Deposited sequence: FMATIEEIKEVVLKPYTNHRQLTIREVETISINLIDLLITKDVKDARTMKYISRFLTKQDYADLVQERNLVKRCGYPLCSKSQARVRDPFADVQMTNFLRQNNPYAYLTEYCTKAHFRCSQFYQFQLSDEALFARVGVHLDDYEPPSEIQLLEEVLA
């Protein structure tokens, strides 16, 4: 139904649990499999959303949002609605084309602003169960957005 930390470890990271170093191709394979998972499914909860951030640059997140919109999902990964204005190809304010609401626009920006532009490949040991992020990512409550 919805994606969790446990699932990501199993369907994305499982091959790499015993690697002490990753190649550039293996890092790319992780991002692709993670993005793929997050367009087929929505993120179940806050804890998973905070876990994700270690695998996303600000640009990978923007691309996540785009790919989610192409399958008619609200850009904000915790959401299971569509963007409010799904782009019709037979033709021919702006945030409503990417999000269900202004609130999800803001939650999405709030999350993105905190993501790092450090390349995934430069994030030493991010694939490991013992990795420690350089700060805890904050999620904006919808009511405050």
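What residue ranges of the deposited sequence are absent from the coordinates?
Absent from the structure is a single run, positions 93-104.
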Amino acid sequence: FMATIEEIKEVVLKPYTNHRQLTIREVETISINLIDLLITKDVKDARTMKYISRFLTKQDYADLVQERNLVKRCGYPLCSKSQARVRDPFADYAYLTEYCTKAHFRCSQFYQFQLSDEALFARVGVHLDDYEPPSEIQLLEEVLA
From here on, numbers count along this sequence of modelled residues.
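Regarding 40-48 and 102-110, which shows the higher C-alpha temperature factor on average in the entry?
It is 40-48.
Using only C-alpha atoms and the B-factors in the entry, which stretch averages higher, 53-61 or 78-86?
It is 78-86.
Please rank the C-alpha B-factors of the chain's modelled residues and tell me whether residue 2 sits in the lowest, middle or highest third.
Highest third, going by the recorded CA B-factors of the chain.
Going by the recorded CA B-factors, say which third of the chain residue 115 sits in, lowest, middle or highest.
Its C-alpha B-factor, which the entry lists for residue 115, ranks in the lowest third among residues of this chain.
Would you check the entry's CA temperature factor for residue 34 and let me know if it's in the chain's lowest, middle or highest third?
Lowest third, going by the recorded CA B-factors of the chain.
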